[PDB]
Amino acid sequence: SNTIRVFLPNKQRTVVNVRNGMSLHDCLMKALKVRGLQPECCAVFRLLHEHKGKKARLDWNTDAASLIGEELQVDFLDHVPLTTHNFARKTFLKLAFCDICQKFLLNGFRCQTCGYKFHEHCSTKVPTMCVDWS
């Protein structure tokens, strides 16, 4: 009953059950980290069901209980170097090694953006967010 519905980056969401005294940050750290998202790379917003403004930024240390029954959204900060991978299949003619298991890689997959290279059966261990400082 003491819950908040929180939309999260990359079209994800969580419903948090608020323990009194906890901040928004306390309530959402795990949800973000388990999705491979750093809290330091994000901002939290209150959704405004009114025109001329879709959302209003909130302080991360805001008391969570005070927003029970509202809808919040966590978004990436402007221009953070995080994106989604762009996987392509790749045959490695020269000897190559998987970035996940360090075994030989002959037929595999490779992110065209960050260069992560891996076996098909290692793909679920590739980090969720692609880091692009190129």
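For every residue, the number given is its place in the sequence shown, counted from 1. Definition used throughout: the rigid core is the maximal C-alpha set that superposes within 1.5 Å between two forms.
Larger root-mean-square CA separation from the shown form, computed after a rigid core fit of the structures in 6 other deposited structures of this protein, is seen for 90-98 when 67-75 is set against 90-98. When the other compared entries with both flanking residues are checked, residue 36 is modelled in all of them, not unmodelled in a third.
At least a third of the other compared entries skip residue 50 while keeping the residues on either side.
The mean C-alpha temperature factor is higher for 42-50 when 42-50 and 96-104 are set side by side. Relative to its counterpart among 63-71 and 28-36, 63-71 has the higher mean temperature factor, C-alpha atoms as listed in the PDB entry. Among all modelled residues in this chain, the alpha-carbon of residue 19 has a temperature factor (C-alpha) in the highest third. Residue 55: CA B factor lies in the highest third for its chain, per the PDB record.
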